[PDB]
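A short worksheet on the structure shown next.
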Amino acid sequence: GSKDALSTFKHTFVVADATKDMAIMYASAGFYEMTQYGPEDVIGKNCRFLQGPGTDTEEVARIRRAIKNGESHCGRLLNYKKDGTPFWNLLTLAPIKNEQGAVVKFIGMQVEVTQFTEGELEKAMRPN
Ligand SMILES: Cc1cc2nc3c(=O)[nH]c(=O)nc-3n(C[C@H](O)[C@H](O)[C@H](O)COP(=O)(O)O)c2cc1C
């Protein structure tokens, strides 16, 4: 669920400033809760700091290329919370362009992968 109303009180995202080398300019409350990092470790930084051992170099290259090309993208990447816990991050990226069509910012929406249970599916599919 995206390309739909987005606020911090519900969602996990960050916003990068393309005019400052894609440094994060804003992070939702969910982002801090998910990663365990606080603003002092995030604002002004690049989100690559979440990557670590075993993060897939070819998925990282696909992200880098999508951003350079100004394209939307998603891919699952291994990331690490502040305590060193690995987690799978389903990262969706979307450019933000000005009226001249230049990329000025990127939004990144992260979803920490959790197991989806037969019970949760029953709830999703449960009629009417
Ligand atoms: C808005 C935005 C959000 C991002 N969020 C994450 C993230 O949650 N985890 C991550 O590993 N990389 C994230 N990235 C990707 C890195 O910032 C970086 O673009 C990627 O590692 C590829 O560039 P590099 O090869 O220079 O590291 C995000 C990028 C952007 C632009």
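All letters in the sequence shown, in the order written, are residues 820 to 947 by our numbering. Just so you know, even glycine gets a beta-carbon here, dropped at the ideal spot from N, CA and C.
Item                                                                                            : Value
Distance, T876 Cα to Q855 Cα                                                                    : 24 Å
Per DSSP, the bridge partner or partners of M928                                                : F832, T911
Coarse secondary structure for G849, derived from DSSP in three states                          : helix
Distance between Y845 and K887 (C-alpha atoms, nearest Å)                                       : 20 Å
Contacting residues, own chain, Cβ-Cβ under 8 Å from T827 (five flanking each side not counted) : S847, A848, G849
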